[PDB]
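*Asks:* The sequence isn't on hand, but the structure is:
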Ligand SMILES: Nc1ncnc2c1ncn2[C@@H]1O[C@@H]2COP(=O)(O)O[C@H]2[C@H]1O
Ligand SMILES: Nc1ncnc2c1ncn2[C@@H]1O[C@@H]2COP(=O)(O)O[C@H]2[C@H]1O
């Protein structure tokens, strides 16, 4: 399914969009999401001296002022007035829907609104978009393309995107590591120092699609070589424990697979029975 | 189940017994079973020359007379009388057919009754009772005591109790067996015909708790030795195909099958990951 779009003027569309990009909470949303919210919102008007949001209320609507002026007050304390181009009523959505302040109108106003559902949903599409971009990325790299679909997709739901600047060491020869890295952007150099005062030896170079620190996923072990960024570098990463988890979460028994075990079992039970006798 | 006890006169309580002991379908019940029957029976004094059961009726009650006389007529043809004893009306309940005869009284009677359900239950209690006995018996033999509870209980639902007499061949060498025997009473001698026209060689004696003929459960076609009862013998018996059917449906076998399956899945998945790197 999908949501009911309310076709509006480009003027209003642009306005709604600026107000969002100007809101502490929503300025982070992905374009696709912002355009969605922009299309979901419908017009709402309130007369002068009308209470729109009352603190304590359990609310669902998020608004965008288009015209008029409102006044925000909390526990009786006037906080500010707001005019066109401002978002309000978005905060309750991340406090279990309990309004944190009162919003009364000073003149007749014209708002653009969206309900809790269209809102909470749209917001939710954040993890989905990530998974997509990640999946898209993983499937562009030969090695990870070959991986079965269950892990590849479950890997994409927990991976974190950490960053590095030219010159920073990502991992060092001799450290107690537990993080696996997949280069999504940049390039790095791997070096290892022979043993004593032997200047660091250059081993290989990795870049987009390459990876390193695999061993950390297979129990406690010290790194065999250093890995330093050789320019701006981005890495999708996952720590050992989280991995062990992902793996121990591959709840995917195949139809025929359960059948074969369904068989293996019977055989054993019978043989086990006769065993117990003589 | 827990039913109601219509406490009658000690005279009457000891009156029904005889009537029950006189029935082909009830002269086998356990002391307890009878006790109950006598207990849930309730007084149903009827009028003189009154009717009770009509051929074609759908049964629901079973009775035993106490102080009356009736005519178990039928096609109008007085097919006999019946005094304060003989149990009647049971036949319809057991075959669930339709009243066969058409009883009618001959004077102010004083018969007793019990509904289709209290009777139905008490009767079938023979099954649960034997299960228990069988269950108890197996648990008192170490080699079967160690078996899981599901197997012992399924086993008690199918095992049959059979008897032989001093000197009888239970198993004859070279025959085709389909049964496995567990000795619950007596002793047996196991001999083996070594070569033709030769004195069968003694192998061993088995007693309460021991067992013989397991091979048959594995499909062995021909028995390799004679098994002669050395005195009165009672055995619990089960046939190959019933055994194999039993085993194959154990819930403790499917649960251990799925787990073994989900564990291979998690393993296979991990190795697939590290096999993909290099
Ligand atoms: N200073 C402020 N304190 C609290 N809420 C404010 C303030 N300025 C604007 N608001 C808005 O007022 C809204 C009242 O309801 P919400 O808690 O849903 O969301 C709140 C914000 O969007
Ligand atoms: N000779 C008889 N033939 C048939 N039923 C009889 C006879 N004598 C007694 N009865 C009882 O009368 C009952 C009539 O109905 P039912 O078939 O339920 O069960 C029958 C027996 O319990």
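*Replies:* Good, I have the coordinates. Numbers count the residues shown, from 1 in each chain, chains lettered A, B, ... in the order given. Ligands and ions are numbered 1, 2, ... in the order given.

*Asks:* Near the nearest residue to residue A:109 once chain neighbours are set aside, how many other residues are there?
*Replies:* Nearest residue to residue A:109, sequence neighbours excluded (C-beta to C-beta, 6 or more residues apart in numbering or on different chains): residue A:68, at 3.0 Å. (C-beta placed from N, C-alpha, C; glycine too.) Close neighbours of residue A:68, defined as other C-beta atoms under 10 Å in any protein chain shown, add up to 19.

*Asks:* give the contact list for the spatially most central residue of chain A.
*Replies:* The centre of chain A sits closest to residue A:127, judged by C-alpha atoms, centre = their mean, with a distance of 4.2 Å. The contact partners of residue A:127, taken as C-beta atoms under 8 Å, 6 or more residues apart in numbering or on different chains, are residue A:157.

*Asks:* Am I right that it falls within a strand?
*Replies:* No. With DSSP: H, G, I helix; E, B strand; the rest coil as the criterion, residue A:127 is located in helix rather than a strand.

*Asks:* how near is it to residue A:158?
*Replies:* As judged by C-beta to C-beta, to the nearest Å, residue A:127 and residue A:158 stand 11 Å apart.

*Asks:* Same question for residue A:193.
*Replies:* When residue A:193 is compared with residue A:158 (using C-beta to C-beta), they lie 34 Å apart.

*Asks:* Quick check: the gap between residue A:67 and chain B.
*Replies:* Residue A:67 sits 57 Å away from chain B when distances are taken as C-beta to the nearest C-beta, to the nearest Å.

*Asks:* in the sheet, who's paired with that residue?
*Replies:* residue A:110 (DSSP bridges).

*Asks:* For ligand 2, what is the nearest residue in chain A?
*Replies:* Across chain A, the shortest distance to ligand 2 (C-beta to the nearest ligand atom) belongs to residue A:273, at 46.2 Å.

*Asks:* give the contact list for that residue.
*Replies:* By C-beta under 8 Å, 6+ apart, the residues touching residue A:273 are B:147, B:151, B:217, B:247.

*Asks:* same deal with residue A:174?
*Replies:* Residue A:174 makes contact with A:222-223 under the criterion C-beta under 8 Å, 6+ apart.

*Asks:* try 6 Å this time
*Replies:* By C-beta atoms under 6 Å, 6 or more residues apart in numbering or on different chains, the contact set of residue A:174 is residue A:222.

*Asks:* Same check on the one 10 residues further on?
*Replies:* For residue A:184, the contact set (C-beta under 6 Å, 6+ apart) comprises A:234, A:236.

*Asks:* Kindly recompute the last result at 8 Å.
*Replies:* Per C-beta under 8 Å, 6+ apart, neighbours of residue A:184: A:137, A:161, A:208, A:234-236.

*Asks:* right, and the secondary structure at it would be what?
*Replies:* Following three-state DSSP, residue A:184 is assigned to strand.

*Asks:* Against residue A:136, how distant is it?
*Replies:* According to C-beta to C-beta, residue A:184 and residue A:136 sit 11 Å apart.

*Asks:* now residue A:117
*Replies:* 28 Å.

*Asks:* Tell me the secondary structure at residue A:4.
*Replies:* Three-state call for residue A:4 (three-state DSSP): coil.

*Asks:* how about it, phi and psi?
*Replies:* In terms of degrees, to the nearest 10, the main-chain angles of residue A:4 are phi -80, psi 110.

*Asks:* what's near enough to touch it?
*Replies:* Counting by C-beta under 8 Å, 6+ apart, residue A:4 touches residue A:40.

*Asks:* How is chain A divided into domains?
*Replies:* Per the record's domain assignment (curated CATH domains), chain A is made up of the domains A:1-141, A:142-278.

*Asks:* interface residues of the stretch 101-250 of chain A facing chain B?
*Replies:* Neighbours of chain B within the stretch 101-250 of chain A, by C-beta under 8 Å from any C-beta of the partner chain: A:143-144, A:146-148, A:150-151, A:211, A:214, A:217-218, A:247-248, A:250.

*Asks:* out of those, who's nearest residue B:203?
*Replies:* Set against residue B:203, the nearest of these by C-beta to C-beta is residue A:248 (53.5 Å).

*Asks:* any idea how far the residue of chain A closest to ligand 2 lies from residue A:25?
*Replies:* Taking C-beta to C-beta as the criterion, residue A:273 is separated from residue A:25 by 66 Å.

*Asks:* Give me the distance from the strand or helix carrying residue A:269 to the chain's centre.
*Replies:* Here residue A:269, judged by DSSP states H and E, is contained in helix A:255-277. Taking C-alpha atoms, centre = their mean, to the nearest Å, one finds helix A:255-277 lying 44 Å from the centre of the chain it belongs to.

*Asks:* Then stretch A:212-219?
*Replies:* Here the centre of mass of C-alpha atoms in stretch A:212-219, compared against the chain's by C-alpha atoms, centre = their mean, lies 24 Å away.

*Asks:* what does stretch A:164-177 give?
*Replies:* Its chain's C-alpha centre and that of stretch A:164-177 lie 25 Å apart, by C-alpha atoms, centre = their mean.

*Asks:* How about stretch A:191-210?
*Replies:* Per C-alpha atoms, centre = their mean, the displacement of stretch A:191-210 from the mean C-alpha position of its chain is 34 Å.

*Asks:* Buried residues in that stretch, which are they?
*Replies:* For stretch A:191-210, the buried set under the neighbour-count rule, 16 or more other C-beta atoms under 10 Å in any protein chain shown, comprises A:191-192, A:206, A:209-210.

*Asks:* what's the most distant pair in those residues?
*Replies:* A:192 and A:209 (22.1 Å).

*Asks:* can you pull out the helices in chain A?
*Replies:* The residue ranges that make up the helices of chain A, judged by DSSP state H, are A:10-21, A:31-40, A:116-138, A:142-146, A:149-155, A:240-247, A:255-277.

*Asks:* hmm, back to that, so how do I select the buried members of the residues of the stretch 101-250 of chain A next to chain B in PyMOL?
*Replies:* When burial is assessed using 16+ other C-beta under 10 Å, the buried subset of these is captured in PyMOL by this command:
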select buried, chain A and resi 144+147+150+151+211+217+247+250
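
*Asks:* got the contact list for the residue in the stretch 101-250 of chain A that ligand 1 sits nearest to?
*Replies:* Per C-beta to the nearest ligand atom, the residue of the stretch 101-250 of chain A with the smallest distance to ligand 1 is residue A:101, at 3.9 Å. Listed by C-beta under 8 Å, 6+ apart, the contact partners of residue A:101 are A:53, A:55, A:72-74, A:79.
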